[PDB]
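Everything on this sheet refers to the single structure shown next.
Quick reminder, even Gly has a Cβ in these numbers, built from the backbone with ideal geometry, and neighbours come from all protein chains shown. Readers should treat all values here as calculations from the given coordinates under stated rules, not as data from a laboratory.
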Amino acid sequence: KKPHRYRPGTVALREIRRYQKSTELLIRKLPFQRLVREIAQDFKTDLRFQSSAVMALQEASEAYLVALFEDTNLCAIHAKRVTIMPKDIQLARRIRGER
Amino acid sequence: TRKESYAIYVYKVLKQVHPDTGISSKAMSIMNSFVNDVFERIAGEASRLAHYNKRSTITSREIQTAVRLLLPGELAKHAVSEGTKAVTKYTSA
Amino acid sequence: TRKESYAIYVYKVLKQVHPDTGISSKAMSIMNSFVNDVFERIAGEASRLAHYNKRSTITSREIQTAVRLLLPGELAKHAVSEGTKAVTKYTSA
Amino acid sequence: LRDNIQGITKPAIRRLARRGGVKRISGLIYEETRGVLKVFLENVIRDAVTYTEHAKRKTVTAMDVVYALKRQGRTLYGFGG
Amino acid sequence: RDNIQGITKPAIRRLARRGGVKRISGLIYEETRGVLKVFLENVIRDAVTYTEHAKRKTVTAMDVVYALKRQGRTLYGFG
Amino acid sequence: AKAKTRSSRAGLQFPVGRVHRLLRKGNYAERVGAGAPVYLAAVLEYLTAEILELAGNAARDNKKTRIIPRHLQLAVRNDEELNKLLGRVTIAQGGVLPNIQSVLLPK
Amino acid sequence: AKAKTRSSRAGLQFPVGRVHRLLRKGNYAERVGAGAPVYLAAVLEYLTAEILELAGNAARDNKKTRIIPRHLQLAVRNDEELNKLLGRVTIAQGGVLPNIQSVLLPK
DNA sequence: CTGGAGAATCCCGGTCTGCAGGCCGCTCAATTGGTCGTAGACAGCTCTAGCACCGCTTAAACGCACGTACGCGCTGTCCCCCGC
């Protein structure tokens, strides 16, 4: 009569393995399209969009985010830590040249 | 032979903004390098744009778009204003 | 209208090296884009080489130089060998 | 169109980090991720709209996105070429 | 022949100081030597390529300028 | 005599004539040399052969008869020189290399 | 009639004729618009004036009558938009901005 | 060490289906042949700078003594992120 729960972290490793083998998008399509159109609203009104364009933005953004996450993980590990801190992201972006 | 540069024009611009400030040779060499760099960047972007729209002519609109793409914010706005004013003045003249 | 691509030649090469291997449309487009990008890189580098040397022609020597500049090590050497072999064969025949 | 950046839910960023090889994640990360993503999207969309307008068009094509990504040093294959 | 040892530790320390570095480990110097060597190969290879394509035997500064430019490191003040 | 394609003359799979046309239409120079398009076509063909060979090896390793973007990404990233060449390229639906840092492994 | 410079007609200091000639010989497009070199020269002149003003300010702050590469570097790095524009540009003998991290300061 | 237990994953048939690839008609872009103009290949000339050498001079690198603070290991606390 025990809940039989897994230890903290093994599930994280399992999902890391799961998501490092797949290739599909990880973000819901409709919210991403809504955000993209909202951002584009500030540059020109009544703008129409090809669907292939929105897929292109989604792919590029997810790839860039994965790269940034990988760099941030290295930065945090350099601090002998296991959890990711925003300071790691800031340092990584600064080193990349984005800051 | 003779090699052309931007020394005289940069000198005149300097005398317009700072009518008393001198300049060294290394500085104006850097000036000419910077001018050439910007020229090549804008011209290449304009050529890319013209090829993008299947057109054989490079007009001032292409340069305006290229400047908007290459310069950040306020610099782009001010440069657009300068180019528009110069074009209008030359056409009127 | 009609758009052209490198699809047939890519499929030919695929059958040459892996005669029993198919390919999806998306991957096929990926190779098409890759070939286009490499074409642009080599062409731009060759154009810069010609302009630097004040030349009117893009010859195979410029192509070889651009290949050396843009390719890493063994890729560059093998590509140079392949290009020289193809040029020799075409010249002879 | 207001309050869409909240559309990127915490599980989505979690999945993104898991694909990024991240095992333990702080709770005060997600808003930073959203801000950075917003900056990147703004930077790309600005140039994409510039390209679309220079062509005197009213719809944004994927090919415009391709040019915008290329000019920012992030080349993407498989979207027209 | 060990010109890589021509890069003495005072010069490395000076460069670190201009870089705003206060405390330096002893293992740093050889690491800098290696990284600088790698950078030098990367630049010089392209420089020699340009010199050869021009069918010349003397490397010009403009060759170095082009090599740096094509590597994403633009340099001014030399042409 | 009957027309003989320059690709066949040089024994290549890629269209040398189309390459020459693109070279002339790219505003790259005033005039285009005779052998340059052949050289470029040969180089493109060789690189295509390299990437296709690696992708086919990967797809067979995954035990599929068609090459998908995942196999392309695996082939490009696993090769040192190909990854070096395509260092700044994003492959749609390419996924990531299954790499995990050692420190996060359960000990 | 007497020759009048196109720069004077546009009220510019940058040589519009030289710009147009370089555009023609730069292999950018088959045809060049008449209003193109004027626009390009105007943009170049504006940017030159901006950075020259900043460099003159820096040189005056150093009580020097001539702008040196150090002044140019200081002006470029201090101006946010200018620094972003020349992000990957290295200036010879420009030095670096004097900046020291807080944690290294004595406490 | 070490069986059980439970959850997670793999695998092997069995079924369906969209597209990969082959086939076909056509057409326009590649080809062939001939003209002509001119870019650069080539030989030749000049003289600049790049290489080498030598002798002083002295600032900088080097070696070393010495001392201290900091990177690192260790420990206890709590809170906050993960598994559900």
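I'd like the Karplus ³J(HN,Hα) series for the range G:27-35: coefficients 6.51, -1.76, 1.60, θ = phi - 60°, whole numbers in Hz, and an x wherever there's a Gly or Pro.
Karplus values, whole Hz, x for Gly and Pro: 6, 9, 7, 5, 10, 10, x, 5, x.
Explain nothing, just compute: Karplus ³J(HN,Hα) = 6.51 cos²θ - 1.76 cosθ + 1.60, θ = phi - 60°, for every residue of the range A:55-69 in order, whole Hz, x for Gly and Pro.
Computed from phi, the couplings for the range A:55-69 are 4, 4, 4, 4, 5, 4, 5, 5, 5, 4, 5, 5, 4, 5, 4 Hz.
As a check on your reading of the symmetry: which chain F residue has its Cβ nearest the axis that brings F onto G, and how far is it in Å?
Result for the axis mapping F onto G: F:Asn27, 3.
Please sort by residue number the GluC sites (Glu not before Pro) in the range A:1-79 whose DSSP state is loop and whose Cβ has at most 13 other Cβ atoms within 10 Å.
Hits after loop and neighbour filter: A:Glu24.
Nearest 10 degrees, 0 to 90: what angle lies between the long axis of helix A:10-21 and the longest principal axis of chain A (Cα atoms)?
40
Does the range A:3-99 come out rounded, prolate or oblate by the C-alpha gyration tensor, with a ≥ b ≥ c the root eigenvalues, rounded set by a/c under 1.5 and, if not, prolate when a/b is larger than b/c and oblate if not?
In terms of gyration-tensor shape, oblate.
Kindly identify the range F:22-67 as rounded, prolate or oblate by the Cα gyration tensor criterion: order the square roots of the eigenvalues as a ≥ b ≥ c, call it rounded if a/c is under 1.5, otherwise compare a/b with b/c, prolate if a/b is larger, else oblate.
Since a/c reaches 1.5 and a/b is larger than b/c, the shape of the range F:22-67 is classed as prolate.
Return the ratio Rg/(2.2 N^0.38 Å) for the protein assembly as shown, where Rg is computed over Cα atoms only.
1.05
Can you list the HN-Hα couplings for the range C:55-68, worked out from phi with the Karplus curve (6.51, -1.76, 1.60; θ = phi - 60°), rounded to whole Hz and with x for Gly and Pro?
For the range C:55-68, the Karplus-derived couplings read 10, 9, 10, 9, 9, 5, 4, 5, 4, 5, 4, 5, 4, 4 Hz, x marking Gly and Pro.
Whole angstrom only: what separates the Cα centroid of the range E:1-40 from the Cα centroid of the range A:39-99?
Distance between centres, Cα-based: 34 Å.
Measure out, as a whole number of angstrom, how far apart the alpha-carbon centroids of the range C:1-62 and the range G:59-107 sit.
Centre-to-centre distance over Cα atoms comes out at 44 Å.
Assuming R0 = 35 Å, what is the FRET efficiency of F:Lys2 and F:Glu30, from their Cβ-Cβ distance, to the nearest 0.05? Please report the intermediate quantities before stating the final value.
On the way: r = 32 Å, r/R0 = 0.93.
E(calc), rounded to 0.05, equals 0.60.
Express the C-alpha Rg of chain C as a ratio against the empirical globular expectation 2.2 N^0.38 Å, rounded to two decimals.
Details: Rg = 15.8 Å, N = 93, 2.2 N^0.38 = 12.3 Å.
Taking the Cα Rg and dividing by 2.2 N^0.38 Å, one obtains 1.28.
Output, in nm with one decimal and in ascending order, the distances from the B:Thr1 label point to the matching label points of the other copies (7 Å from Cα along Cα-to-Cβ).
Once sorted, the set of distances for B:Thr1 reads 4.1 nm.
Amide H to amide H, which residues 5 or more places from B:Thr57 or on other chains are under 5 Å from it, using H placed in the peptide plane?
Hits under the 5 Å cutoff: G:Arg31.
Enumerate the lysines that A:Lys2 could reach by cross-link, defined here as Cα to Cα under 28 Å, with residues fewer than 8 away along the same chain left out.
Candidates past the 8-residue exclusion: D:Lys23, F:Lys107.
Around B:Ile23, which amide H atoms from residues at least 5 apart in sequence, or from another chain, sit under 5 Å from its own amide H, with H modelled in the peptide plane?
G:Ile67
Using DSSP to define loop residues, name the trypsin sites (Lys or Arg not before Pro) in chain E whose beta-carbon has at most 11 other beta-carbon atoms within 10 Å.
Within chain E, the qualifying trypsin sites (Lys or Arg not before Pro) (loop, at most 11 other Cβ atoms within 10 Å) are E:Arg1, E:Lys22, E:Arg23, E:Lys55, E:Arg56, E:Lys57.
By how many degrees, 0 to 90 and rounded to 10, does the Cα axis of helix A:86-96 deviate from the longest principal axis of chain A?
60
Tilt of helix E:61-70 relative to the longest C-alpha principal axis of chain E, in degrees (0 to 90, nearest 10)?
80
Between exposed trypsin sites (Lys or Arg not before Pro) in chain C, where DSSP calls loop and at most 13 other Cβ atoms lie within 10 Å, what's the longest gap?
Result, exposed sites excluded: C:4-53.
In nm, what does the list of distances from G:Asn78 to its counterparts in the other copies look like, shortest first, when each label sits 7 Å along Cα to Cβ?
Ordered by distance, the counterparts are at 5.6 nm.
Divide by every residue of chain B the summed helix terms, -39500 (n - 2.57) for each DSSP H run of at least 4, and state the resulting mean residue ellipticity at 222 nm, rounded to the nearest 500 deg cm²/dmol.
Computed ellipticity for chain B at 222 nm equals -25000 deg cm²/dmol.
Can you list the DSSP H helices in chain F whose Cα atoms extend at least 20 Å along the helix axis and whose mean Kyte-Doolittle hydropathy is 0.0 or higher?
Numbers: long enough: F:36-61 (38 Å, 0.66).
Membrane-span-like by this criterion, though nothing is claimed about a membrane: F:36-61.
Considering amide H positions built from the backbone, and no H for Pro or chain starts, which residues 5 or more places from D:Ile25, or on another chain, come under 5 Å of its amide H?
Amide H to amide H, under 5 Å and 5 or more residues apart or across chains, D:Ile25 pairs with A:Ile84.
Taking square-rooted eigenvalues a ≥ b ≥ c of the alpha carbon gyration tensor, is chain G rounded, prolate or oblate, where a/c under 1.5 means rounded and, failing that, a/b exceeding b/c means prolate?
prolate
Name the chain B residue with the Cβ nearest the axis that maps B onto C: which is it, and what is the distance in angstrom?
With distances in whole Å, chain B gives B:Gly44, 4.
Across chain B, how many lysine pairs, 8 or more positions apart or on different chains, have C-alpha atoms separated by under 26 Å? Please give the number.
For chain B, the number of qualifying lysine pairs is 13.
Taking 4 °C and 1.567 mPa s as the conditions, I'd like the Stokes-Einstein D for the range D:1-79 in µm²/s, using the Kirkwood hydrodynamic radius from alpha carbon pairs.
89
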